[PDB]
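Q: First the structure, then my questions, so here it is.
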Amino acid sequence: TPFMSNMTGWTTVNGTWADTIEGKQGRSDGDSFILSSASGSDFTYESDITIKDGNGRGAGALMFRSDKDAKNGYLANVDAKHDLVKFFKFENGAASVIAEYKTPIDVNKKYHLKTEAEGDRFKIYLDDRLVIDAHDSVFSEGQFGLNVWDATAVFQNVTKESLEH
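Residue 70 in the deposited numbering sits at position 68 of the sequence shown, and the numbers go up by one each step.
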């Protein structure tokens, strides 16, 4: 398929997700989620993310250590509207920010975003530059997925690698 990933069983939670020439595209006003069947504890997880025209030109995100309905877990995003990389958590569907890094995020520019999750430590890299290195102990394991917020965004080369504890 046109979506390149080393993970399978991608199943929509909500929103509109479709594979395009450019990868897997999500589009929603508000938040939307798709989850892979794959789970992980400690890992690297990464994607190319491009925010397209449309909606609110908001955010595209990696989601990880997620429960099955994406109401609990962690996200690392690129947010064109607010020029941020944000690391945050959903708990019972409510978001709380763990750390964020203000940096220009423009529409129609490909970004690479990578998270290294080891124990309760999370390192997040934008275009291979470490931008957040923070701790949170709420969730230790769960599913991988993707999200978009007030945006159309496309994800390509979505890969994970499990790490030893």
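Just so you know, even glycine gets a beta-carbon here, dropped at the ideal spot from N, CA and C.
Check whether the region 27-43 and the region 151-165 are in contact - that is, three or more C-beta pairs closer than 8 Å.
A: Judged by Cβ distances under 8 Å, the region 27-43 makes contact with the region 151-165, as three or more pairs qualify.
Q: Leaving out five residues before and five after residue 134 in sequence, what residues of the same chain have Cβ atoms less than 6 Å from its Cβ?
A: Translated into the one-based positions of the sequence shown, residue 134 becomes position 132. Within the same chain, residue 134 has close Cβ partners 89, 101, 103, 126.
Q: Whose C-beta lies closer than 8 Å to the C-beta of residue 82 among residues of the same chain, with five residues either side of it excluded?
A: Counting from one through the sequence shown, the residue named residue 82 turns up at place 80. Same-chain partners within the cutoff: 53, 59, 60, 61, 107, 108, 109, 153.
Q: Taking buried to mean at least 16 other C-beta atoms within 10 Å of its own C-beta, is residue 48 buried or exposed?
A: Locating residue 48 in the sequence shown gives position 46, counting from the first residue. Buried, since its Cβ has 16 or more Cβ neighbours within 10 Å.
Q: Could you please give the first and the last residue of the uninterrupted beta strand (DSSP E) stretch that includes residue 51?
A: Start at 1 with the first residue of the sequence shown, and residue 51 comes out as number 49. Run containing residue 51: 45-53, per the beta strand (DSSP E) assignment.
Q: Looking at the structure shown, is residue 29 part of a helix, part of a strand, or coil, going by DSSP?
A: If you number the sequence shown from 1, residue 29 lands on position 27. If DSSP states are grouped into helix, strand and coil, residue 29 belongs with the strands.
Q: Alpha carbon to alpha carbon, how far is residue 51 from residue 169? Give it in angstroms, no decimals.
A: With the chain covering only 3 through 167, there is no way to say anything about residue 169.
Q: Roughly how many angstroms separate the alpha carbons of residue 105 and residue 123, rounded to a whole number?
A: Counting from one through the sequence shown, the residue named residue 105 turns up at place 103. Counting from one through the sequence shown, the residue named residue 123 turns up at place 121. Distance between the alpha carbons of residue 105 and residue 123: 22 Å.
Q: Between the Cα of residue 5 and the Cα atoms of 11, 18, 16, 22, which residue gives the shortest distance?
A: Translated into the one-based positions of the sequence shown, residue 5 becomes position 3. When each option's Cα is compared against that of residue 5, the closest is 22.
Q: Within this structure, are the beta carbons of residue 45 and residue 166 separated by less than 8 Å?
A: The count along the sequence shown starts at 1 and reaches residue 45 at position 43. The count along the sequence shown starts at 1 and reaches residue 166 at position 164. No, Cβ-Cβ distance for residue 45 and residue 166 is not below 8 Å.
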